[PDB]
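Participant: Sharing a structure, written as C-alpha cells. Questions coming.
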Amino acid sequence: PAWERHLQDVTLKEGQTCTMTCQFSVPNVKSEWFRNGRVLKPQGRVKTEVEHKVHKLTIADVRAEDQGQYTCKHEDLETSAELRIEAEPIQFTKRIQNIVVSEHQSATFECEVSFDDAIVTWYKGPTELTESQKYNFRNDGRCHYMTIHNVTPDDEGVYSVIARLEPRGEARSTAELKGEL
C-alpha cells in the first residue's frame with residue numbers, strides 16, 4: 001500500500017474541462033476525494049473515477065470558483081496538489097463569419113463559446129438588436145444564433161456579437177452582411 005504517483009498540480013483557466021489524477025499500488029481500490037478539506041461529492045459539474053490502478057477527478061468546464069487544494073485518500077495513505085485557474089476572457093471556439101444572402105431569404109449568423117453558463121448579445125454597428133420581426137435569436141448551450149429575415153440593400157453593413165458573463169474579458173467579433181442579386 002502506497003501512492004505510486006501523487007496528485008499533480010494543474011494550471012488552466014475558466015472555460016475548459018479539467019481532469020486531475022494519481023495512482024495507488026493496488027488495482028481498483030476506491031479512494032476518498034476532497035477539495036479545500038471538504039468531501040468532493042460527484043454532483044454533475046464534479047465527477048470522480050477509479051481505474052485498474054489510477055484514480056481520477058474531473059471538473060466538467062472549470063469556474064475560477066473551483067481553484068484550490070485537491071486531495072485523494074486511501075485509509076492511512078493520502079496525496080494532494082493544487083488546481084490554479086484564472087478568469088480568462090470569454091471567447092469564441094467557432095466565431096461569427098460574413099454572409100451573402102439574396103433579398104427575399106434569411107441570413108443565419110452562428111457561433112460557439114469557451115464556457116457553458118455564457119450569455120450572448122447581438123448588434124449592427126453601435127445598435128443592439130432586439131427581437132422585432134427582423135432579427136431572431138437562439139441559444140444551444142455553448143452555441144449562439146442570429147437569423148435575419150430579408151437581406152435588403154439597407155440590411156448590409158457590419159454586424160457584431162458579444163460573449164459575456166461576470167466581468168472577465170468580454171470578447172467581441174464582427175461580420176458583414178451582403179445582398180445577393
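Residue numbering restarts at 1 in every chain; chains get A, B, ... in the order shown in the C-alpha cells, and ligands count up from 1 in that same order.
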Please run DSSP on the backbone and report, as a PyMOL selection string, all residues within stretch 33-103 of chain A that come out as strand (DSSP E).

Facilitator: chain A and resi 33-35+38-39+46-50+54-59+68-74+77-86+99-102

Participant: Determine, counting only C-alpha atoms, which protein, DNA and RNA residues have an atom within 12 Å of an atom of residue A:38; residues of the same chain fewer than 6 positions away are not included. Present the result as a list in words.

Facilitator: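 Residues near the query, excluding close chain neighbours: residues 32, 68, 69, 70, 71 and 72 of chain A.
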
Participant: Grab the atom CA of residue A:34 to atom CA of residue A:76 distance for me, in Å with one decimal place.

Facilitator: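 Value for the atom CA of residue A:34-atom CA of residue A:76 distance: 14.5 Å.
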
Participant: Here is a test: counting only C-alpha atoms, which residue of A:35, A:84, A:45, A:30 is nearest to residue A:11?

Facilitator: A:84

Participant: Give me the residues near residue A:114 as an mmCIF file with C-alpha atoms, in the first residue's frame, where near means some atom within 8 Å (using only C-alpha atoms) and where sequence neighbours in that chain fewer than 5 positions away do not count.

Facilitator:
```
data_model
loop_
_atom_site.group_PDB
_atom_site.id
_atom_site.type_symbol
_atom_site.label_atom_id
_atom_site.label_comp_id
_atom_site.auth_asym_id
_atom_site.auth_seq_id
_atom_site.Cartn_x
_atom_site.Cartn_y
_atom_site.Cartn_z
ATOM 1 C CA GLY A 15 -13.946 27.609 -19.945
ATOM 2 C CA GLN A 16 -12.166 24.209 -20.047
ATOM 3 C CA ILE A 90 -14.741 34.655 -22.552
ATOM 4 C CA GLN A 91 -14.036 33.901 -26.258
ATOM 5 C CA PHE A 92 -15.458 32.014 -29.259
ATOM 6 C CA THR A 93 -14.441 28.432 -30.256
ATOM 7 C CA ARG A 142 -22.433 26.785 -25.829
#
```

Participant: Taking only C-alpha atoms into account, name the residue in A:79, A:139, A:147, A:133 that is nearest to residue A:105.

Facilitator: A:147

Participant: Which residue is closest to residue A:50? Choose from A:100, A:20, A:10, A:29 and count only C-alpha atoms.

Facilitator: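 Among the listed residues, A:29 lies closest to residue A:50.
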
Participant: Between A:125, A:153, A:27, A:37, which has the minimum distance to residue A:102 (counting only C-alpha atoms)?

Facilitator: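 Checking each candidate against residue A:102, we get A:153 as the closest.
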
Participant: Quick one: pull the distance between atom CA of residue A:17 and atom CA of residue A:59, Å, one decimal.

Facilitator: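 Taking atom CA of residue A:17 and atom CA of residue A:59, their separation equals 5.9 Å.
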
Participant: Name all residues at most 7 Å from stretch 167-170 of chain A (count only C-alpha atoms; drop same-chain ones fewer than 6 positions away) and give them as a list in words.

Facilitator: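 What passes the distance filter is residues 87, 88, 89 and 90 of chain A.
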
Participant: Using only C-alpha atoms, find the one residue out of A:128, A:156, A:180, A:117 that sits nearest to residue A:141.

Facilitator: A:117

Participant: Could you jot down the atom CA of residue A:24 to atom CA of residue A:58 separation for me, Å, one decimal place?

Facilitator: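 Distance between the two atoms: 17.7 Å.
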
Participant: Nearest to residue A:98: which of A:25, A:31, A:36, A:160 is it, counting only C-alpha atoms?

Facilitator: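 Of A:25, A:31, A:36, A:160, the one nearest residue A:98, counting only C-alpha atoms, is A:160.
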
Participant: Do you know which residues are at most 7 Å from residue A:149 counting only C-alpha atoms, after dropping those on the same chain fewer than 3 positions away, and could you put them as number ranges by chain?

Facilitator: A: 105-107, 134-135

Participant: So which residues touch residue A:56 within 6 Å, counting only C-alpha atoms, skipping near sequence neighbours fewer than 5 positions away, as number ranges by chain?

Facilitator: A: 20-21, 48-49

Participant: Would you mind exporting the chosen residues as a CSV table (one decimal), in the first residue's frame, restricted to N, CA and C atoms?

Facilitator:
```csv
chain,number,residue,atom,x,y,z
A,20,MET,N,-7.8,15.6,-13.2
A,20,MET,CA,-6.7,15.5,-12.2
A,20,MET,C,-6.6,14.1,-11.6
A,21,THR,N,-5.3,13.6,-11.5
A,21,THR,CA,-5.1,12.2,-11.4
A,21,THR,C,-3.9,11.9,-10.4
A,48,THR,N,-15.8,11.9,-10.1
A,48,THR,CA,-14.6,11.2,-9.7
A,48,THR,C,-14.7,9.7,-10.2
A,49,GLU,N,-13.6,9.1,-10.5
A,49,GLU,CA,-13.5,7.8,-11.1
A,49,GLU,C,-12.3,7.0,-10.5
```
